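Number of protein chains: 2
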Amino acid sequence: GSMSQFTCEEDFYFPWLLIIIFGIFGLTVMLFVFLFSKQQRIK
Amino acid sequence: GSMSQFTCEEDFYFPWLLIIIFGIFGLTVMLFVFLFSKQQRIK
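Top to bottom, those sequences are chains A and B.
Here the deposited numbering is used: the first residue of the first sequence is 252, the next is one more, and so on.
Here the deposited numbering is used: the first residue of the second sequence is 252, the next is one more, and so on.
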């Protein structure tokens, strides 16, 4: 019987999906807020 | 008659990834703007 196996070398770390979302959410928000701070001025 | 069907097994390109990011980016932005429209009323 043939069995499938993952690449240990890769050393996958889960949850992976949570990282993908958390990563984009952080950059998106951090960028949105930061970019907005520069867009807002007194003059 | 009939035509042969082929496909990429190795799947070099990373289209799935583009979907994950595009998906979050859309919801994040769409939500940010929408939420802002209701969070900020106009005179």
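For every residue, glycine included, the Cβ atom is placed at its ideal position computed from N, Cα and C.
Taking DSSP as the reference, what is the three-state secondary structure of residue i?
i        : result
A:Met254 : coil
B:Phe265 : coil
A:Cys259 : helix
B:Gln291 : coil
Select from the segment 264-288 of chain B all residues with a C-beta closer than 8 angstroms to any C-beta belonging to chain A, and list them in chain order.
-> Cβ contacts with chain A come from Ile271, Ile272, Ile275, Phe276, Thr279, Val280 and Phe283.
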